[PDB]
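> Encoded as structure tokens, here's the structure I'll be asking about.
Cβ placement follows ideal geometry from the backbone for every residue including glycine, while neighbour counts extend to all protein chains displayed. None of the figures in this text is laboratory data; all of them are computed from the coordinates on show.
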Ligand SMILES: NS(=O)(=O)c1cc2ccccc2o1
Ligand SMILES: NS(=O)(=O)c1cc2ccccc2o1
Ligand SMILES: [Zn+2]
């Protein structure tokens, strides 16, 4: 794998090694709020994170992942558009070099400063590697970030970043409560899509919350001090690690709210 977000290996290049990049259910997409239909059949989401066990934070060269113990049903997503139970495996963000870009989904073409992805896999397939091969294998909860007031529950993540500056570095990250990253409302849009980094597999039910969370300038500035490169290599700041909106094709975005 030599894909990235640089000048010569960014999203417009990915198709050359991952031809699914030009598929019919790629993500992210623009959410046209006037075209998205309210679906009175969609249920409230069930976010059950009381028992979550965070373990480690990793700079993988394209973002940082906060990893969870997904060996049992401790932090799960159910309900909403989903059948069955999806276990939280990791969360990560995508963000910009400036506040005017960074999110992957857009809302009536508006870009947010960043987007959080809480990634879950369908326990009927037993492990994540099997789940990504299935059209209903994953559920990703996407949450927009705007810059304004600090997000108190994000600060513990921000403060550890200085210890995982470069690709391949990790740090123990236990006892982190991902409930502190949610907005007040769980109203959402949903549609069938894909992973947004290679392998770009078409295995995700996307659940994108309407209400952004607020983070401070200082919090997002610390995201932008991370590096894409490894230790001692030429410094490439980890910024603009987002894929653009892809064609919606033959898909409907449904709204949980009137
Ligand atoms: N198609 S790709 O995975 O994004 C990829 C782009 C690319 C550019 C230069 C060298 C290796 C590369 O690998
Ligand atoms: N950015 S995402 O769609 O949440 C995503 C999670 C994920 C895990 C493994 C490989 C690609 C991935 O892409
Ligand atoms: Zn993501």
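> Modelling each spin label as a point 7 Å along the Cα-to-Cβ direction, I'd like the residue 34/residue 146 distance in nm, to one decimal.
2.1
> Taking a ≥ b ≥ c as the square roots of the eigenvalues of the Cα gyration tensor of the chain, is the shape rounded (a/c under 1.5), prolate (a/b larger than b/c) or oblate? List each step's numbers first, then the result.
Numbers: a/c = 1.32, a/b = 1.19, b/c = 1.11.
Note, shape of the chain comes out rounded.
> Could you give the length gained by full extension between residue 71 and residue 174, i.e. 0.36 nm per residue of separation minus their alpha carbon distance, to one decimal place?
Values: separation 103, 0.36 × 103 = 37.08 nm, distance 1.55 nm.
Fully extending the segment from residue 71 to residue 174 adds 35.5 nm.
> Given the -39500 (n - 2.57) contribution per DSSP H run of 4+ residues, what per-residue ellipticity at 222 nm results for the chain, rounded to the nearest 500 deg cm²/dmol? Each step should come with its number before you reach the end.
On the way: 3 runs with 17 residues, N = 258.
It comes out at -1500 deg cm²/dmol, rounded to the nearest 500.
> Let me ask you something else. Using 0.36 nm times the number of residues separating residue 41 and residue 254, minus their current alpha carbon distance, what extension gain do you get?
Numbers: separation 213, 0.36 × 213 = 76.68 nm, distance 1.00 nm.
Length gained, residue 41 through residue 254: 75.7 nm.
> Then there is this: Taking the Cα centroid of segment 1-70 and of segment 199-256, what is the distance between the two, rounded to the nearest whole Å?
Segment 1-70 and segment 199-256 have Cα centres spaced 7 Å from each other.
> Continuing with this model, one more query. If R₀ is 45 angstrom, what is the calculated FRET efficiency for the pair residue 163 and residue 184, using the beta carbon separation as r and rounding to 0.05?
Calculated transfer efficiency: 0.90.
> May I ask you to list the residues of segment 172-208 whose amide nitrogen lies under 20 Å from a point 7 Å from Cα along the Cα→beta-carbon direction of residue 156?
172-184
> State whether segment 89-197 is rounded, prolate or oblate according to the following rule on the C-alpha gyration tensor (a ≥ b ≥ c being the square roots of its eigenvalues): a/c under 1.5 gives rounded; otherwise a/b larger than b/c gives prolate, and the remaining case gives oblate. Write out the running numbers ahead of the final one.
Values: a/c = 1.64, a/b = 1.16, b/c = 1.41.
Because a/c hits 1.5 or more and a/b fails to exceed b/c, segment 89-197 counts as oblate.
> For segment 2-85, what does the alpha-carbon gyration tensor say about shape, rounded, prolate or oblate, given a ≥ b ≥ c as the root eigenvalues, a/c under 1.5 as rounded, and a/b over b/c as prolate? Numbers along the way, then the final one.
On the way: a/c = 2.61, a/b = 1.19, b/c = 2.19.
Oblate, since a/c reaches 1.5 and b/c is not below a/b.
> Provide the gained length on full extension for the span residue 216 to residue 13, in nm with one decimal, where the gain is 0.36 nm per separating residue minus the Cα-Cα distance. All intermediate terms of the calculation are to be shown ahead of the outcome.
Values: separation 203, 0.36 × 203 = 73.08 nm, distance 3.29 nm.
Result: 69.8 nm gained on full extension.
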